[PDB]
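Only one structure is covered here, and it is reproduced in the block below.
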Amino acid sequence: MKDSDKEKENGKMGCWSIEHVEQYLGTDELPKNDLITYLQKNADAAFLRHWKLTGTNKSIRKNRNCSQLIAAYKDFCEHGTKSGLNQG
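Each residue of the sequence shown is one higher than the last, beginning at 1 in the entry's author numbering.
Given below as structure tokens:
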């Protein structure tokens with residue numbers, strides 16, 4: 001084993017480009033739900049309560065437009081998140 005995998009594990013999906021997120025938000029390539037999913041998987045409960053992504057993903061993609069998801073994803077990566085993305 002190598003217990004430092006708890007942040008340095010492989011299969012860290014959903015680390016997209018900013019322009020991939022914003023431009024493809026709502027397509028078959030980058031659906032809004034999967035952006036919301038990545039955020040509630042990786043981020044702390046506070047972050048989703050800040051962007052109103054703390055509810056059910058159905059009402060979240062209906063009430064929270066692309067603007068919410070883009071600004072969220074940007075500020076997440078720019079925050080330098082502790083979701084095991086070059087962090088530990």
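From the three backbone atoms N, C-alpha and C, an ideal C-beta is built for every residue, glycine too.
- Beyond the five residues adjoining it in sequence on each side, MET13 comes within less than 7 Å, by CB distance, of no other residue in the same chain.
- Rounded to the nearest angstrom, the Cβ distance from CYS66 to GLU22 is 7 Å, consistent with a contact under 8 Å.
- The Cβ atoms of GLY88 and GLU7 sit closer than 9 Å to each other.
- Between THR54 and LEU48, the C-beta gap is smaller than 9 Å, which places the two residues in contact.
- When DSSP states are grouped into helix, strand and coil, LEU53 belongs to the coil group.
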